[PDB]
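*Asks:* This structure is in structure tokens; I'll ask about it shortly.
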Amino acid sequence: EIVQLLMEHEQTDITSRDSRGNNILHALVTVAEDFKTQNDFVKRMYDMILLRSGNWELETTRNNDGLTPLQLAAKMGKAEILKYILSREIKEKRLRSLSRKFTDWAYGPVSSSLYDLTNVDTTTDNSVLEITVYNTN
Amino acid sequence: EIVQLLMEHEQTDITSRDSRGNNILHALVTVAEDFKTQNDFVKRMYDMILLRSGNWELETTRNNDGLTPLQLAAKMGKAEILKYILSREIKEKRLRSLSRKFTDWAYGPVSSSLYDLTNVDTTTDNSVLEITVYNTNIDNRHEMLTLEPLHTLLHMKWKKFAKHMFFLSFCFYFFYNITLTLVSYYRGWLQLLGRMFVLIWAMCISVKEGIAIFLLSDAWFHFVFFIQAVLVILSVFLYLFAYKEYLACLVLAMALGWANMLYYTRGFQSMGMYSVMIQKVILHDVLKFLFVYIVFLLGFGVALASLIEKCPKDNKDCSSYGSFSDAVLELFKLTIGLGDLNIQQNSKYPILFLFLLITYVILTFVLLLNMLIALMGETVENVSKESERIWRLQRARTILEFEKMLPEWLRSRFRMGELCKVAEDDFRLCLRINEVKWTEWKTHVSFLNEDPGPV
Amino acid sequence: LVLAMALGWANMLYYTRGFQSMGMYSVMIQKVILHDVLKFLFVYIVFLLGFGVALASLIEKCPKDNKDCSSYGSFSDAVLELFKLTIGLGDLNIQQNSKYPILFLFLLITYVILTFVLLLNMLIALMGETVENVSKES
């Protein structure tokens, strides 16, 4: 409710980066240590916030470490949140641009779940695949 | 309801002590055998009673055995009640003076649960820690120590000093037994000083283990160290004298010491469970096998010897298994797999000889198989759980041994207790802990320190 | 050249990691040789050195101008005999050129027994880790 209030307030700054360089979503990604401890409320908040901000600006940012919150999800052990971020399907035609998980082919129980490889394809200076696989701890 | 009535009556005597010296709370502590059997109603009664009596008088009492109900819980196996006795938080500002579990720092899911160490800090003639750890006839000591304050005390002390002392003693003993090896292998001025150091260190450990025995199988090591040092001093005595037995006792003590090295291997976590496995194996599993193997050995040995009793024909080499000891030696050699298997000479019944031998082999093999099957059955469960618990117990016992070895002033400097103020001019010693809970969101109305931060 | 050759034939296991079954097999090899065995080898070796110096000291009696008359003469030779016995090839007999033959035999037997129970316990620890960690972690 308070999040709804703040994002309804005009003086709010959504894209504000902290002294550590992190943004809102970066914090949440630091926060979700495990599914059992929090009963998975954070994914709901991530979803609500992205639905309340229809831009790619947030996911496009980099912290002072030079990493996307997705890249930060890799640098940490965030798993369920990552399952949500990669598997993201939106029926809303206004915000459908955001959903990475597409479904373009379906005759019945069979379907084509089409996914997005932008920063994952091992192309631009790092990748979720490379980052994770070469990560430690 | 009846309790409410009685405590509402003025003629009641709450502090009344029995012919045994116990009071109300002592009795409940005697009766809390298990959570499952009683469905945990006693904790509720303890709580209601303390809330009906706003004084420290009861828990400050001592029985005729000279023990608080808390100390009585330690001498007993009461666990669930004890978690309440230590972890006690009261939001009521009138009775808040009683609660030992304080929470002075909270910004969110993070908080500081501050606990009280009054009788637990190993200070006043006994303590819950010392009492529990040195207690016997209680198998619940593990769950007792899994609690927050005691566990964190042990860890804080290990990170303070004890690890240094453990590695230190390990180094001393290492150099000691190594010097002993050099001596035993080579038998100027350096050797004399080394021998003097050996005598001194041996006297030290010998007197330590002697005092330990006087204060007296988890303690199996003490007697072993004692026997070692005894054999050492005996070797020294016989060395000076014109005797041939000095080498024997010396060597025996040396090998015994290299065996005692396992006790120092008990330090490491994995090696700890490993050594616990050693002790458990050699205690439970093997002894049956060895006893019964030995009686089999004696039987088949006398059998073979009797058959072999045929005349050697003036040649010892012609007669194998002639001496009973030689026959037993051949059998054990065979069980190893070096034995000499052959059609016997100077024998009346070679067939029966062979058959009895084969039967001994087969029986030994299946017997080995059965110590193995018993081993696996016990291990599948006892291996993981019992190892960690018993290991931590041993760790705690040794830690407290080191802590009791030290004087008061050094102890006073190494105290993990940090004093903290509490309402009503109540000053008490405490151990700060910081924990987190992500599930239950409960606003903190009761907190001592206004400014939420480590300062 | 030879040592590198044998080291390479050992490195062949790394290529065995390709196959699914042999993959989990090689993972089991690595996990075993890392966790289980090192404890056994360290503690075995210290036992070995102790009982070795023991046997050598007892054997320190004069060989009588005959090296063959003195077994366990060199510490390395004694340790060799002990490991040979653990294999099961050792020569067990009443020792000559010895002051305390009974003590010698007893120390030897104790070494055997300790080694055996020790082996049994590493096997215990192995199984205890294998019940769960074998399948999934592999």
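Residue numbering for chain B follows Swiss-Prot; the residues present correspond to positions 276-462, 480-508, 518-756, in that order.
Header entry for method reads electron microscopy, 4.0 Å.
Keep in mind that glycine also has a Cβ here, set from the backbone N, Cα and C atoms.
Pulled the feature table from Swiss-Prot, pasting it below:
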- B:298-330: repeat 'ANK 5' (REPEAT)
- B:340-362: repeat 'ANK 6' (REPEAT)
- B:398-420: repeat 'ANK 7' (REPEAT)
- B:431-460: transmembrane segment (TRANSMEM)
- B:480-508: transmembrane segment (TRANSMEM)
- B:520-540: transmembrane segment (TRANSMEM)
- B:541-545: topological domain 'Extracellular' (TOPO_DOM)
- B:546-566: transmembrane segment (TRANSMEM)
- B:570-608: transmembrane segment (TRANSMEM)
- B:609-620: topological domain 'Extracellular' (TOPO_DOM)
- B:621-646: intramembrane segment (INTRAMEM)
- B:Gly638: Na(+) binding site (BINDING)
- B:650-686: transmembrane segment (TRANSMEM)
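For each feature listed, report its degree of burial, its nearest neighbours and the pertinent distances within the displayed model.
*Replies:* Proximity of distant same-chain residues to the repeat 'ANK 5' (B:298-330), defined by a Cβ-Cβ separation under 8 Å and at least 6 residues beyond the stretch ends, is recorded for 278, 282, 289-292, 336, 338, 344, 347-348, 351-353, 355-356, 359-360, 369-370, 372-373.
If one looks beyond the repeat 'ANK 6' (B:340-362) by at least 6 residues along the same chain, the residues whose Cβ comes under 8 Å of a Cβ in the stretch are 296-298, 300-301, 303-305, 307-308, 310, 315, 317-318, 321-322, 333-334, 375-376, 390, 394, 401, 403, 406-407, 410, 413-415, 418-419, 422-424.
With a threshold of 8 Å between CB atoms, the same-chain residues lying at least 6 positions outside the repeat 'ANK 7' (B:398-420) that come near it are 345-346, 349-352, 354, 357, 426, 428-429, 690, 693-694, 697-698, 701.
For the topological domain 'Extracellular' (B:541-545), the number of residues in each DSSP class (helix H, G, I; strand E, B; coil) is 1 helix, 0 strand, 4 coil.
Below 8 angstroms of C-beta separation, residues 518, 521, 563-564, 622-625, 628-629, 632-633, 645, 648-650, 653-654, 657-658, 660-661, 664-665, 668-669, 671-672, 675-676, 679, 683-684, 687-689, 691-692, 695-696 of the same chain, each at least six residues beyond the ends of the transmembrane segment (B:570-608), sit close to that stretch.
Sequence-distant contacts of the topological domain 'Extracellular' (B:609-620) (same chain, at least 6 residues past either end, Cβ-Cβ under 8 Å): 628, 645-649, 654.
For the intramembrane segment (B:621-646), the list of distant contacts is 598-599, 601-603, 605-606, 608-609, 613, 654-655, 658, 661-662, 665: same-chain residues at least six beyond its ends, Cβ to Cβ under 8 Å.
DSSP assigns B:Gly638 (Na(+) binding site) to coil in the three-state reduction, outside any helix or strand. For B:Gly638 (Na(+) binding site), no same-chain residue 6+ apart in sequence has a C-beta under 8 angstroms from its C-beta.
Within its own chain, the transmembrane segment (B:650-686) has Cβ neighbours under 8 Å at 578, 581-582, 585-587, 589-590, 593-594, 597-598, 601, 604-605, 608-609, 632, 635-636, 642, 644, counting only residues six or more beyond its boundaries.
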*Asks:* What is the three-state DSSP composition of the topological domain 'Extracellular' (B:609-620), stated as helix, strand and coil residue counts?
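*Replies:* Here the numbers are 1 helix, 0 strand, 11 coil.
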*Asks:* What parts of the chain pack near the transmembrane segment (B:546-566), using Cβ distances under 8 Å and only residues at least 6 beyond its ends?
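*Replies:* Counting only partners 6 or more residues beyond its ends, the transmembrane segment (B:546-566) has Cβ contacts under 8 Å with 444-445, 448, 451-452, 455-456, 458-459, 462, 522, 525-526, 528-533, 535-536, 539-540, 572-573, 575-576, 579.
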*Asks:* Can you tell me which parts of the same chain pack against the topological domain 'Extracellular' (B:541-545), counting only residues 6+ beyond its ends and a CB-CB cutoff under 8 A?
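*Replies:* Same-chain contacts beyond the ends: none.
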